[PDB]
């Protein structure tokens, strides 16, 4: 299967998780493409992919709850081509904040509204990939079960 992992990361944490997921998922035999959301154009972004994984870190303040680069992309979700495709979401955040990884449920929410099938429980965790390999590895296995 073909997987696109698009992430918004401001200190490299979610970027980290995204590299790890690519690693684990390629070891599962699949073609993976890793895309920084700062470099992504929403229009037809999902063409050709069997599954799309969305990474987005949590930022309660100034920023309209989402990571910068991901907010610009998320607001164009209906241009991506998500109808009929498999989708899952993951984030890095901090439990000490009132709303922990709030982008997770919204990504799942909008995707599903645009006709995508959510294939794994959304990953909410703190730090980078190495901070919590067990959380990353579960997310990956769940995705890999739907590929």
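Positions refer to the first chain, counted from 1.
As recorded in the PDB entry, 60-68 is the stretch of 101-109 and 60-68 with the greater mean C-alpha temperature factor.
Ranked by Cα temperature factor within the chain, residue 33 sits in the middle third according to the deposited record.
Per the PDB record, residue ranking by Cα B-factor puts residue 10 in the lowest third of the chain. Sort the modelled residues of the chain by CA B factor and residue 46 lands in the middle third. Per-chain ranking of the deposited C-alpha B factor places residue 95 in the highest third. Ranked by Cα temperature factor within the chain, residue 81 sits in the middle third according to the deposited record.
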